[PDB]
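Everything below belongs to final.txt, which stores compact mmCIF, C-alpha atoms and all ligand atoms.
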# COMPACT_ATOMS: atom_id res chain seq x y z
CA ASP H 1 185.37 38.96 154.31
CA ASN H 2 187.62 35.93 154.51
CA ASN H 3 190.30 38.61 154.99
CA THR H 4 188.49 39.96 158.08
CA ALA H 5 187.90 36.59 159.80
CA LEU H 6 191.57 35.62 159.30
CA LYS H 7 192.74 38.70 161.17
CA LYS H 8 190.12 38.20 163.94
CA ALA H 9 191.99 34.92 164.75
CA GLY H 10 195.48 36.45 164.61
CA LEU H 11 196.93 35.32 161.25
CA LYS H 12 198.45 37.34 158.43
CA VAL H 13 196.26 37.10 155.37
CA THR H 14 198.45 34.97 153.11
CA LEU H 15 197.23 33.39 149.91
CA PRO H 16 197.64 29.72 150.97
CA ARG H 17 195.56 30.55 154.05
CA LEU H 18 192.81 32.21 151.98
CA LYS H 19 192.92 29.32 149.51
CA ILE H 20 192.48 26.64 152.19
CA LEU H 21 189.67 28.67 153.76
CA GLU H 22 187.96 28.68 150.34
CA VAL H 23 188.16 24.87 150.06
CA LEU H 24 186.71 24.56 153.58
CA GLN H 25 183.81 26.72 152.47
CA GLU H 26 182.91 24.55 149.47
CA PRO H 27 179.80 22.43 150.22
CA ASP H 28 181.40 19.06 149.34
CA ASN H 29 184.29 19.84 151.73
CA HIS H 30 182.70 20.96 155.07
CA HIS H 31 184.38 17.83 156.60
CA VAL H 32 187.71 17.00 154.92
CA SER H 33 190.94 15.26 155.82
CA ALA H 34 194.17 17.20 155.37
CA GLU H 35 195.04 15.11 152.28
CA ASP H 36 191.63 15.23 150.59
CA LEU H 37 191.97 19.03 151.05
CA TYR H 38 195.34 18.83 149.24
CA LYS H 39 193.65 16.59 146.63
CA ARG H 40 191.12 19.39 146.05
CA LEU H 41 193.89 21.98 146.16
CA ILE H 42 195.70 20.26 143.28
CA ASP H 43 192.55 19.75 141.16
CA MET H 44 192.20 23.54 141.22
CA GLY H 45 195.91 23.42 140.26
CA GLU H 46 197.44 25.20 143.27
CA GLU H 47 201.17 24.33 143.73
CA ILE H 48 200.60 23.95 147.48
CA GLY H 49 202.35 20.92 148.97
CA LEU H 50 200.62 18.51 151.33
CA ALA H 51 203.05 19.48 154.12
CA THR H 52 201.98 23.10 153.90
CA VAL H 53 198.30 22.06 154.10
CA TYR H 54 199.11 20.38 157.43
CA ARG H 55 201.09 23.42 158.54
CA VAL H 56 198.15 25.78 157.93
CA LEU H 57 195.30 23.55 159.20
CA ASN H 58 197.14 23.08 162.52
CA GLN H 59 197.66 26.84 162.80
CA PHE H 60 193.95 27.40 162.07
CA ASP H 61 192.94 25.14 164.99
CA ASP H 62 195.27 26.97 167.41
CA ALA H 63 193.49 30.19 166.44
CA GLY H 64 190.09 28.51 166.95
CA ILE H 65 189.41 28.85 163.17
CA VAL H 66 188.83 25.06 162.70
CA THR H 67 188.05 22.00 164.84
CA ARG H 68 189.93 18.77 164.29
CA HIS H 69 188.36 15.39 165.01
CA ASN H 70 189.41 11.72 164.60
CA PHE H 71 185.96 10.26 163.68
CA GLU H 72 187.69 7.08 162.37
CA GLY H 73 189.95 6.65 165.42
CA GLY H 74 192.92 7.38 163.14
CA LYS H 75 192.13 9.73 160.23
CA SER H 76 192.05 13.40 161.31
CA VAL H 77 189.27 15.55 159.82
CA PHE H 78 188.91 19.34 159.83
CA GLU H 79 185.93 21.66 159.55
CA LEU H 80 185.15 25.37 159.97
CA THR H 81 184.31 25.93 163.68
CA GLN H 82 182.15 28.85 162.50
CA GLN H 83 179.29 26.88 160.90
CA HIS H 84 175.56 26.20 161.44
CA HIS H 85 174.87 23.40 163.92
CA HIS H 86 174.98 19.88 162.59
CA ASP H 87 175.77 16.44 163.90
CA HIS H 88 177.82 13.71 162.25
CA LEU H 89 177.04 10.51 160.35
CA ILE H 90 180.25 8.54 159.63
CA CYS H 91 180.58 5.61 157.19
CA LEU H 92 182.77 2.88 158.69
CA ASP H 93 183.79 1.24 155.37
CA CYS H 94 184.98 4.32 153.43
CA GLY H 95 185.42 6.99 156.14
CA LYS H 96 182.91 9.53 154.75
CA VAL H 97 181.81 12.09 157.35
CA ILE H 98 178.29 13.33 156.57
CA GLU H 99 176.66 16.29 158.28
CA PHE H 100 172.99 16.46 159.23
CA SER H 101 170.57 18.41 161.37
CA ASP H 102 167.15 17.24 162.57
CA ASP H 103 164.90 19.83 164.18
CA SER H 104 162.74 17.22 165.89
CA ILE H 105 165.80 15.67 167.54
CA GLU H 106 167.36 18.96 168.67
CA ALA H 107 163.93 19.74 170.15
CA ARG H 108 163.46 16.42 171.99
CA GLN H 109 167.02 16.76 173.31
CA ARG H 110 165.98 20.00 174.98
CA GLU H 111 162.80 18.31 176.21
CA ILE H 112 164.69 15.34 177.71
CA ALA H 113 167.17 17.54 179.57
CA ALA H 114 164.40 19.78 180.85
CA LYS H 115 162.54 16.77 182.23
CA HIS H 116 165.51 16.04 184.54
CA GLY H 117 166.07 19.60 185.78
CA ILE H 118 168.67 20.48 183.13
CA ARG H 119 168.91 23.31 180.59
CA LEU H 120 170.63 21.80 177.55
CA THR H 121 173.76 23.76 176.66
CA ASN H 122 175.86 21.38 174.57
CA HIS H 123 175.64 17.95 172.99
CA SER H 124 177.42 15.64 170.61
CA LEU H 125 175.70 13.07 168.44
CA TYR H 126 177.84 10.68 166.41
CA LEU H 127 176.24 8.13 164.10
CA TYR H 128 178.22 5.16 162.81
CA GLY H 129 177.25 2.50 160.30
CA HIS H 130 178.11 0.47 157.22
CA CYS H 131 177.17 0.98 153.59
CA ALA H 132 173.79 -0.61 153.06
CA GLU H 133 174.29 -1.81 149.46
CA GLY H 134 177.27 -2.76 147.35
CA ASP H 135 180.58 -1.15 148.26
CA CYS H 136 180.74 2.60 148.83
CA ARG H 137 184.52 2.46 148.44
CA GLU H 138 183.74 2.63 144.70
CA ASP H 139 180.57 4.73 144.34
CA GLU H 140 181.55 8.28 145.38
CA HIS H 141 177.80 8.95 145.04
CA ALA H 142 176.99 6.35 147.73
CA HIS H 143 176.30 8.78 150.58
CA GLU H 144 174.66 11.78 148.81
CA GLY H 145 170.90 11.97 149.31
CA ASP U 1 173.12 -15.85 188.22
CA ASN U 2 175.60 -13.17 189.17
CA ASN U 3 177.80 -16.20 189.89
CA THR U 4 177.46 -17.39 186.27
CA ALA U 5 178.18 -14.03 184.58
CA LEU U 6 181.30 -13.56 186.74
CA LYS U 7 182.77 -16.83 185.52
CA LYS U 8 181.81 -16.07 181.87
CA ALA U 9 184.26 -13.10 182.12
CA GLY U 10 187.06 -15.09 183.80
CA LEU U 11 186.94 -14.05 187.48
CA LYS U 12 186.71 -16.17 190.61
CA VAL U 13 183.42 -15.53 192.33
CA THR U 14 184.59 -13.65 195.42
CA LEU U 15 182.26 -11.81 197.75
CA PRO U 16 183.61 -8.26 197.12
CA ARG U 17 183.09 -8.90 193.40
CA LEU U 18 179.50 -10.11 193.92
CA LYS U 19 178.85 -7.17 196.27
CA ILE U 20 180.06 -4.55 193.77
CA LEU U 21 178.04 -6.24 191.02
CA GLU U 22 174.97 -5.90 193.27
CA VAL U 23 175.54 -2.14 193.74
CA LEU U 24 175.91 -1.75 189.96
CA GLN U 25 172.56 -3.46 189.54
CA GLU U 26 170.70 -1.09 191.87
CA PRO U 27 168.60 1.41 189.84
CA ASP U 28 170.05 4.55 191.47
CA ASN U 29 173.58 3.31 190.65
CA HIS U 30 173.57 2.30 186.92
CA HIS U 31 176.17 5.13 186.44
CA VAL U 32 178.43 5.55 189.48
CA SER U 33 181.92 6.81 190.22
CA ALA U 34 184.29 4.46 192.04
CA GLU U 35 183.92 6.52 195.25
CA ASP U 36 180.13 6.91 195.19
CA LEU U 37 180.12 3.09 194.81
CA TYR U 38 182.29 2.89 197.96
CA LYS U 39 179.91 5.43 199.58
CA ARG U 40 177.04 3.02 198.84
CA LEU U 41 179.17 0.07 199.93
CA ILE U 42 179.67 1.63 203.37
CA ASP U 43 176.00 2.62 203.82
CA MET U 44 175.21 -1.08 203.49
CA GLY U 45 178.04 -1.43 206.05
CA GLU U 46 180.52 -3.50 204.01
CA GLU U 47 184.12 -3.17 205.35
CA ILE U 48 185.40 -2.84 201.77
CA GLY U 49 188.03 -0.12 201.35
CA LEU U 50 187.92 2.42 198.55
CA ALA U 51 191.21 1.04 197.15
CA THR U 52 189.67 -2.40 196.73
CA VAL U 53 186.67 -0.87 194.89
CA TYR U 54 189.14 0.57 192.37
CA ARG U 55 190.97 -2.75 192.19
CA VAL U 56 187.79 -4.66 191.31
CA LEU U 57 186.18 -2.11 188.94
CA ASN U 58 189.38 -2.01 186.86
CA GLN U 59 189.45 -5.81 186.72
CA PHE U 60 185.78 -5.83 185.65
CA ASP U 61 186.55 -3.55 182.67
CA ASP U 62 189.45 -5.76 181.53
CA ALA U 63 187.01 -8.68 181.46
CA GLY U 64 184.48 -6.57 179.51
CA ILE U 65 182.10 -6.68 182.54
CA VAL U 66 181.90 -2.84 182.82
CA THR U 67 182.61 0.23 180.66
CA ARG U 68 184.44 3.19 182.12
CA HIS U 69 183.85 6.72 180.87
CA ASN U 70 185.09 10.23 181.84
CA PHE U 71 181.83 12.17 181.13
CA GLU U 72 183.19 15.13 183.19
CA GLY U 73 186.63 15.15 181.53
CA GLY U 74 188.10 14.09 184.89
CA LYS U 75 185.74 11.97 187.03
CA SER U 76 185.67 8.31 185.92
CA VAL U 77 182.25 6.61 185.89
CA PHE U 78 181.43 2.91 185.59
CA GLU U 79 178.36 1.02 184.40
CA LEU U 80 177.37 -2.56 183.55
CA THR U 81 178.26 -3.12 179.84
CA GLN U 82 175.42 -5.68 179.80
CA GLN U 83 172.45 -3.28 179.98
CA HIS U 84 169.51 -2.12 177.81
CA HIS U 85 170.42 0.66 175.38
CA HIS U 86 170.38 4.17 176.73
CA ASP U 87 172.15 7.43 176.04
CA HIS U 88 173.56 9.91 178.54
CA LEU U 89 172.45 13.24 179.98
CA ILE U 90 175.19 14.78 182.15
CA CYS U 91 174.77 17.72 184.57
CA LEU U 92 177.75 20.08 184.34
CA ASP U 93 177.35 21.68 187.81
CA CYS U 94 177.08 18.53 189.97
CA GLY U 95 178.35 15.73 187.68
CA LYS U 96 175.17 13.61 187.68
CA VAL U 97 175.04 11.14 184.77
CA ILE U 98 171.42 10.41 183.81
CA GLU U 99 170.37 7.64 181.45
CA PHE U 100 167.56 7.94 178.92
CA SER U 101 166.16 6.27 175.84
CA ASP U 102 163.86 7.85 173.24
CA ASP U 103 162.27 5.55 170.70
CA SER U 104 161.51 8.37 168.27
CA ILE U 105 165.17 9.43 168.27
CA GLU U 106 166.61 5.92 167.87
CA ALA U 107 164.17 5.56 164.96
CA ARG U 108 165.06 8.85 163.22
CA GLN U 109 168.74 7.99 163.67
CA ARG U 110 168.16 4.87 161.60
CA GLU U 111 166.16 6.93 159.11
CA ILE U 112 168.90 9.57 158.74
CA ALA U 113 171.64 6.99 158.15
CA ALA U 114 169.48 5.11 155.67
CA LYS U 115 168.90 8.29 153.69
CA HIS U 116 172.66 8.54 153.02
CA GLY U 117 173.24 4.89 152.06
CA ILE U 118 174.19 3.75 155.59
CA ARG U 119 172.85 1.00 157.85
CA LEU U 120 173.17 2.37 161.39
CA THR U 121 175.25 0.03 163.55
CA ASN U 122 176.46 2.18 166.45
CA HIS U 123 176.00 5.65 167.86
CA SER U 124 176.79 7.78 170.87
CA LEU U 125 174.63 10.63 172.10
CA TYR U 126 175.90 12.77 174.96
CA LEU U 127 173.78 15.59 176.36
CA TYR U 128 175.33 18.31 178.51
CA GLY U 129 173.70 21.15 180.39
CA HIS U 130 173.31 23.15 183.58
CA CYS U 131 170.75 22.89 186.35
CA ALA U 132 167.75 24.94 185.32
CA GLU U 133 166.71 26.18 188.80
CA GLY U 134 168.48 26.79 192.07
CA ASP U 135 171.58 24.71 192.73
CA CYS U 136 171.48 20.96 192.17
CA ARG U 137 174.64 20.59 194.25
CA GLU U 138 172.22 20.66 197.21
CA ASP U 139 168.98 19.03 196.01
CA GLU U 140 169.84 15.34 195.42
CA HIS U 141 166.29 15.20 193.97
CA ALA U 142 167.18 17.80 191.30
CA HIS U 143 167.54 15.38 188.37
CA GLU U 144 164.89 12.70 189.09
CA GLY U 145 161.79 13.00 186.92
ZN ZN B 201 181.14 18.95 161.68
ZN ZN B 202 172.76 18.26 167.23
ZN ZN B 203 180.95 4.53 152.80
ZN ZN B 204 181.23 -2.66 156.53
ZN ZN B 205 175.51 4.29 180.40
ZN ZN B 206 170.79 5.93 171.65
ZN ZN B 207 173.22 18.88 188.67
ZN ZN B 208 176.16 25.84 185.74
Before we go any further, please render this structure as structure tokens.
Amino acid sequence: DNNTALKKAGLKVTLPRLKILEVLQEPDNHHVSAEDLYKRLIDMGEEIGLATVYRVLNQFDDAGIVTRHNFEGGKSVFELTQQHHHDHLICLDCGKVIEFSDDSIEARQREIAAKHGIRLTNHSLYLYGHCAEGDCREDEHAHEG
Amino acid sequence: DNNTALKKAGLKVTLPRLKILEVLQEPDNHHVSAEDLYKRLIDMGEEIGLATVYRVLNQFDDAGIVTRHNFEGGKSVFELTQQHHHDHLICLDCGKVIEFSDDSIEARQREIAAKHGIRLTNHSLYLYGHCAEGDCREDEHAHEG
């Protein structure tokens, strides 16, 4: 299955490719920096250097497998292009990118475009803010509902 | 009044500056390309070249008077930074940038950030779509509610 999608993009089905795909399918890691991906890759105990993680993730974007984005101006973050629709809530103190989908917003967005003669075809919604209490740079649980 | 705000930014209060400010305060032109601003400037019959409109609008951004944005990837569009909060609905066939504000969305946005430990401090919401009926490149009335 992962084997099939890799070929559909144009990449030979190596193990480090299949292993990075599997980290990008974990729920905690739908939005992950190249390094945090390597941090996960070494917790699972894969001898896969950080330079190779960069190598592969860049190749994946070329083949439309993943989208990169600099939500923090600097820190690049990668996600599986093939995913259900969500928008992005980003914490400005610790860098955490949180996904979310609101059906009443996606609906009003269609309603607002249709009021002005427009059929909504794409949109981007980025939320930015600060940790409400304490310091999220310590509590890894700070941004989980 | 326009005189005061111009000084607050650091610019001498010339007439072409005050005249461009006045076009950027008209309701039709809250979001206007440099040229469409010159098109308005010549309807009012001001002998103000298009090159000077670029000159001034760039100076205004430096002094935080206006924000530029390339909503269409290419076409630059300018607006008065000092304005009530709105978001942006952009027509992909004709380039029209439409402003809008929804109180139920701005409220849910605060609710969604607060669910994940975040106090919402900034956000950007861009809507993109195509003209629903006919061809808006003809009907200037296509995107007015
Ligand atoms: Zn995402
Ligand atoms: Zn959305
Ligand atoms: Zn945080
Ligand atoms: Zn902060
Ligand atoms: Zn605007
Ligand atoms: Zn808004
Ligand atoms: Zn249009
Ligand atoms: Zn179209």
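Every residue of chain U that lies within 8 Å of chain H is listed here, counting only C-alpha atoms: residues 89, 91, 105, 109, 113, 114, 115, 116, 117, 118, 119, 120, 121, 122, 123, 124, 125, 126, 127, 128, 129, 130, 131, 132, 133, 142, 143, 144 and 145 of chain U.
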Fitted chain U, least squares over ordered Cα pairs with chain H, as a short mmCIF file (atom, residue, chain, number, x, y, z; two decimals) with C-alpha atoms, in the frame of the given file:
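The file below, superposed-v9.cif, is the result:
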data_model
loop_
_atom_site.label_atom_id
_atom_site.label_comp_id
_atom_site.auth_asym_id
_atom_site.auth_seq_id
_atom_site.Cartn_x
_atom_site.Cartn_y
_atom_site.Cartn_z
CA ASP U 1 185.37 38.96 154.31
CA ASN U 2 187.62 35.93 154.52
CA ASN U 3 190.30 38.61 154.99
CA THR U 4 188.50 39.95 158.08
CA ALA U 5 187.90 36.59 159.80
CA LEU U 6 191.57 35.62 159.30
CA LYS U 7 192.74 38.70 161.17
CA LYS U 8 190.12 38.20 163.94
CA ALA U 9 191.98 34.92 164.75
CA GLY U 10 195.48 36.45 164.61
CA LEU U 11 196.92 35.32 161.25
CA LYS U 12 198.45 37.34 158.43
CA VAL U 13 196.26 37.10 155.38
CA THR U 14 198.45 34.98 153.11
CA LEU U 15 197.22 33.40 149.91
CA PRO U 16 197.64 29.72 150.97
CA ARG U 17 195.56 30.55 154.05
CA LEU U 18 192.81 32.21 151.99
CA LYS U 19 192.92 29.31 149.50
CA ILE U 20 192.48 26.64 152.19
CA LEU U 21 189.67 28.68 153.76
CA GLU U 22 187.96 28.68 150.34
CA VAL U 23 188.17 24.87 150.06
CA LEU U 24 186.70 24.56 153.58
CA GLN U 25 183.80 26.72 152.47
CA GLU U 26 182.92 24.55 149.47
CA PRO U 27 179.80 22.43 150.22
CA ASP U 28 181.39 19.07 149.34
CA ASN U 29 184.29 19.84 151.73
CA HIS U 30 182.70 20.97 155.07
CA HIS U 31 184.38 17.83 156.59
CA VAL U 32 187.70 17.00 154.92
CA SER U 33 190.94 15.26 155.82
CA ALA U 34 194.17 17.20 155.37
CA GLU U 35 195.04 15.10 152.28
CA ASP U 36 191.63 15.23 150.58
CA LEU U 37 191.97 19.03 151.04
CA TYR U 38 195.35 18.83 149.25
CA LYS U 39 193.65 16.58 146.63
CA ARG U 40 191.12 19.39 146.05
CA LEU U 41 193.89 21.98 146.16
CA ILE U 42 195.70 20.25 143.28
CA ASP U 43 192.55 19.76 141.17
CA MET U 44 192.21 23.54 141.22
CA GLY U 45 195.91 23.42 140.26
CA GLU U 46 197.44 25.20 143.27
CA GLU U 47 201.17 24.34 143.73
CA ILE U 48 200.60 23.95 147.48
CA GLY U 49 202.35 20.92 148.97
CA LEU U 50 200.62 18.51 151.32
CA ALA U 51 203.06 19.47 154.12
CA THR U 52 201.98 23.10 153.90
CA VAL U 53 198.29 22.06 154.11
CA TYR U 54 199.11 20.38 157.43
CA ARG U 55 201.09 23.43 158.54
CA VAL U 56 198.15 25.78 157.93
CA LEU U 57 195.30 23.55 159.21
CA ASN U 58 197.14 23.09 162.52
CA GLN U 59 197.66 26.84 162.80
CA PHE U 60 193.95 27.40 162.07
CA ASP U 61 192.95 25.13 164.99
CA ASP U 62 195.27 26.97 167.41
CA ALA U 63 193.49 30.19 166.45
CA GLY U 64 190.09 28.51 166.95
CA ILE U 65 189.41 28.84 163.17
CA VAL U 66 188.84 25.06 162.70
CA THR U 67 188.05 21.99 164.84
CA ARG U 68 189.93 18.77 164.29
CA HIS U 69 188.35 15.39 165.01
CA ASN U 70 189.41 11.72 164.60
CA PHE U 71 185.96 10.26 163.67
CA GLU U 72 187.69 7.08 162.37
CA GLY U 73 189.95 6.65 165.42
CA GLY U 74 192.93 7.38 163.15
CA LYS U 75 192.13 9.73 160.23
CA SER U 76 192.05 13.40 161.31
CA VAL U 77 189.27 15.55 159.82
CA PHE U 78 188.91 19.34 159.83
CA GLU U 79 185.93 21.67 159.55
CA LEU U 80 185.16 25.37 159.96
CA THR U 81 184.31 25.93 163.69
CA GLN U 82 182.15 28.85 162.50
CA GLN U 83 179.29 26.87 160.90
CA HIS U 84 175.56 26.20 161.44
CA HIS U 85 174.87 23.40 163.92
CA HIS U 86 174.97 19.89 162.59
CA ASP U 87 175.77 16.44 163.91
CA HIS U 88 177.82 13.71 162.25
CA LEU U 89 177.05 10.52 160.35
CA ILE U 90 180.24 8.55 159.63
CA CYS U 91 180.58 5.61 157.19
CA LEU U 92 182.77 2.88 158.69
CA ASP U 93 183.80 1.23 155.37
CA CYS U 94 184.98 4.32 153.43
CA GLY U 95 185.42 6.99 156.14
CA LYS U 96 182.92 9.52 154.75
CA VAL U 97 181.81 12.08 157.36
CA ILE U 98 178.29 13.33 156.57
CA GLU U 99 176.66 16.30 158.28
CA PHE U 100 172.99 16.46 159.23
CA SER U 101 170.57 18.41 161.37
CA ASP U 102 167.15 17.25 162.57
CA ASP U 103 164.90 19.82 164.18
CA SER U 104 162.73 17.22 165.89
CA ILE U 105 165.80 15.67 167.54
CA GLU U 106 167.36 18.96 168.67
CA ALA U 107 163.93 19.75 170.15
CA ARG U 108 163.47 16.42 171.99
CA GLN U 109 167.02 16.76 173.31
CA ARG U 110 165.99 20.00 174.98
CA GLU U 111 162.81 18.31 176.21
CA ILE U 112 164.69 15.34 177.70
CA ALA U 113 167.17 17.54 179.57
CA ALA U 114 164.39 19.78 180.85
CA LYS U 115 162.54 16.77 182.23
CA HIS U 116 165.50 16.04 184.54
CA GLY U 117 166.07 19.60 185.78
CA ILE U 118 168.68 20.49 183.12
CA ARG U 119 168.91 23.32 180.59
CA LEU U 120 170.63 21.80 177.55
CA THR U 121 173.77 23.76 176.66
CA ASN U 122 175.87 21.37 174.57
CA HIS U 123 175.64 17.95 172.99
CA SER U 124 177.42 15.64 170.61
CA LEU U 125 175.70 13.07 168.44
CA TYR U 126 177.84 10.68 166.41
CA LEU U 127 176.24 8.13 164.10
CA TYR U 128 178.21 5.15 162.81
CA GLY U 129 177.26 2.50 160.30
CA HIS U 130 178.11 0.47 157.22
CA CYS U 131 177.17 0.98 153.60
CA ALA U 132 173.78 -0.61 153.07
CA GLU U 133 174.30 -1.81 149.46
CA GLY U 134 177.27 -2.76 147.35
CA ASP U 135 180.57 -1.15 148.25
CA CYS U 136 180.74 2.60 148.83
CA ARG U 137 184.52 2.47 148.44
CA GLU U 138 183.74 2.63 144.70
CA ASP U 139 180.57 4.72 144.33
CA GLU U 140 181.56 8.28 145.38
CA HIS U 141 177.79 8.95 145.04
CA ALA U 142 176.99 6.34 147.73
CA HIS U 143 176.30 8.79 150.58
CA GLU U 144 174.66 11.78 148.81
CA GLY U 145 170.91 11.97 149.31
#
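Interatomic distance, CA of residue 54 (chain H) to CA of residue 4 (chain H): 22.3 Å.
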Any chance you could tabulate, as CSV, the residues of chain U at most 7 Å from ligand ZN 205 (chain B) with each one's nearest atom pair and distance in Å to one decimal, using all atoms listed in the file, in chain and rising number order?
residue,atom,partner,partner_atom,distance
U:31,CA,B:ZN205,ZN,6.1
U:79,CA,B:ZN205,ZN,5.9
U:86,CA,B:ZN205,ZN,6.3
U:87,CA,B:ZN205,ZN,6.3
U:88,CA,B:ZN205,ZN,6.2
U:99,CA,B:ZN205,ZN,6.2
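Using only C-alpha atoms, the nearest neighbour of residue 103 (chain U) within the list U:75, U:85, U:47, U:60 is U:85.
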Have a look at CA of residue 59 (chain U) and CA of residue 41 (chain U) and let me know their distance in Å, one decimal. 17.7 Å
Using only C-alpha atoms, which residues sit within 9 Å of residue 16 (chain H) once same-chain residues fewer than 3 positions away are excluded, as an MDAnalysis selection string? chainID H and resid 13 19:21 46 48 52:53 56
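CA of residue 77 (chain U) is positioned 4.3 Å from CA of residue 33 (chain U).
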Excluding same-chain residues fewer than 3 positions from residue 50 (chain U), what lies within 9 Å of it counting all atoms listed in the file, as an mmCIF file with C-alpha atoms, in the frame of the given file?
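Output file out.cif is given in full below:
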data_model
loop_
_atom_site.group_PDB
_atom_site.id
_atom_site.type_symbol
_atom_site.label_atom_id
_atom_site.label_comp_id
_atom_site.auth_asym_id
_atom_site.auth_seq_id
_atom_site.Cartn_x
_atom_site.Cartn_y
_atom_site.Cartn_z
ATOM 1 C CA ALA U 34 184.290 4.460 192.040
ATOM 2 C CA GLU U 35 183.920 6.520 195.250
ATOM 3 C CA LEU U 37 180.120 3.090 194.810
ATOM 4 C CA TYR U 38 182.290 2.890 197.960
ATOM 5 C CA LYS U 39 179.910 5.430 199.580
ATOM 6 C CA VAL U 53 186.670 -0.870 194.890
ATOM 7 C CA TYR U 54 189.140 0.570 192.370
ATOM 8 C CA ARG U 55 190.970 -2.750 192.190
#
Box along x, y and z, 8 Å on every side, all listed atoms of region 84-93 of chain U inside: centre and edge lengths in Å to one decimal, as AutoDock Vina command-line options.
--center_x 173.6 --center_y 9.8 --center_z 181.6 --size_x 24.2 --size_y 39.8 --size_z 28.4
